[PDB]
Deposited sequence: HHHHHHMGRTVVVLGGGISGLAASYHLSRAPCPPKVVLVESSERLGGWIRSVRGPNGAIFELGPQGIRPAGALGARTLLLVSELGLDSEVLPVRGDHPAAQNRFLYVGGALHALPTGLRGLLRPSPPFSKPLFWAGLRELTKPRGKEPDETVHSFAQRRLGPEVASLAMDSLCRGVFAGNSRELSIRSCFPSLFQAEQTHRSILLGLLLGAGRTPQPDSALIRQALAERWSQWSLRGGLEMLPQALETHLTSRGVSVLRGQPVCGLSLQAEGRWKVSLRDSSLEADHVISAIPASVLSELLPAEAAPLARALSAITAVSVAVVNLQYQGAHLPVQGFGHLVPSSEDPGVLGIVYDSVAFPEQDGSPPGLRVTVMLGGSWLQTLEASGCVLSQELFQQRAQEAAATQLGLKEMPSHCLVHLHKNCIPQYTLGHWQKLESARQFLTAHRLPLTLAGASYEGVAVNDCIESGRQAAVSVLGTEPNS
């Protein structure tokens, strides 16, 4: 008669519920979602022409053990036939670009100065092994990048990269929290390079991904297919999914059970897995849990406006994954993904070139703090100018989608590890039957969030 309530029906909540429900002697699971739909930021639109437009992740990187674990999840859900891979025999898999100095420049692979870098990067990697080692417990991605790789690398590479992964500022982000490997490598070995030159699930799908060397994958009906298959598996196992039911309050009681307070009803839980945003959870917590709520409230998230653009009979200047825009080149336009290069089967019919412009940065952030009106037009125009200037697409978009995603990518700023440590210390010291999960904590990628929900599920199962 043990009940586990999962807050939030994003990919984290979905995965947590999925792993709970699949245990041999599973508890009653209730998944509680505030909105009308499940899947969180993972969301796909089927446009009029049958094209697919992604409102969240444009596709998934099968990188490392977590990449592999996600492909396993996909196999378990029987989504094999829907999988669209980008195989190592194409440039979408082999071409990242930076827009710097009125031009696209290919980023290096391995193998001579490469514009916009004045010297060949070999010389920077060299002085990298020689670089001492940060003695501070935490350090910003910028400070870390500069110190070990040089100002150009810091300003063109890590600036852009933080924008591509976190839609965020390398001058504010923690190297320790945002790029753990880079940080451990430097900490343990005395150089990023050495620590990496010095060091997994299995299934047919994984094996293929390795064999064909996938740089990423997606689903035919769009990524939302993943959250959708998960939900479908949940209800078919009697898991109880509540949609349209914000959680309004959390409190403990006699027998250390949780009362989960909805709008106009309540649930009793022996355990709660919180897969909602840290700052939301924060506001849900009972006055006794104030120190945990403080730690949670210190975790914030940037917004990102996603603009999907389709042109009929247009073509790109180059072929690649997409291109990133450094902040010194534009504070509002983070980068553009070349959807048709990776996933031409999603171009609809008549087929038309598709790109996705990610807007955000301090442009969007200063605007949110302004009295300015954040209209569809404002975003449409920004994305179009960028498409026109950075890709030479002076044609009018034949289709356009605009979505302003409020507070959608948690930012792991300096001290973030300590907020996590405090939360965990409090949770364990007071034996709260509460488990944190999701993008707010130990990684924002979908792969990370899935894993985060699995770990949550696993640890709650270990307390019957």
| property | result |
| --- | --- |
| In sequence order, the deposited-sequence ranges that have no modelled C-alpha atom | 1-7, 119-122, 211-215, 481-483 |
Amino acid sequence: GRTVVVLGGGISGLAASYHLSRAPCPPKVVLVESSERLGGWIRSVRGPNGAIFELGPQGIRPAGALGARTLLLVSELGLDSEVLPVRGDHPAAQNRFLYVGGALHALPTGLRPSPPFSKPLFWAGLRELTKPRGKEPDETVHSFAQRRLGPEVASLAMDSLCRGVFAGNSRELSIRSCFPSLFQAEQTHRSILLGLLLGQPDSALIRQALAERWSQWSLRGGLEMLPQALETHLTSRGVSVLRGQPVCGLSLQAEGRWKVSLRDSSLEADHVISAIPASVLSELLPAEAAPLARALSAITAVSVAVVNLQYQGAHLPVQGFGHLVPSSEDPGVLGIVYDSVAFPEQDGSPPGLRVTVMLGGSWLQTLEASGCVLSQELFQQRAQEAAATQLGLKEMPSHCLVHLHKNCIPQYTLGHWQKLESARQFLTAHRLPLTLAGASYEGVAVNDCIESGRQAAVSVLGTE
From here on, numbers count along this sequence of modelled residues.
| query | finding |
| --- | --- |
| Which of 43-51 and 401-409 has higher mean CA B factor, as the PDB entry lists it | 43-51 |
| 52-60 versus 430-438 - which carries the larger mean C-alpha B factor in the record | 430-438 |
| Highest-ranked of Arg220, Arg176, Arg354, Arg147 once sorted by CA temperature factor in the record | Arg147 |
| Among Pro227, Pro108, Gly332, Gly168 - the residue whose C-alpha B-factor is largest in the record | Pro108 |
| Third of the chain, ranked by Cα B-factor, where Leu104 sits | middle |
| Position of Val280 among the chain's modelled residues by C-alpha B-factor, lowest, middle or highest third | middle |
| Position of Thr232 among the chain's modelled residues by C-alpha B-factor, lowest, middle or highest third | middle |
| For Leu194, the third of its chain into which the C-alpha B factor falls | highest |
| CA B-factor placement of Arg163, once the chain's modelled residues are sorted into thirds | lowest |
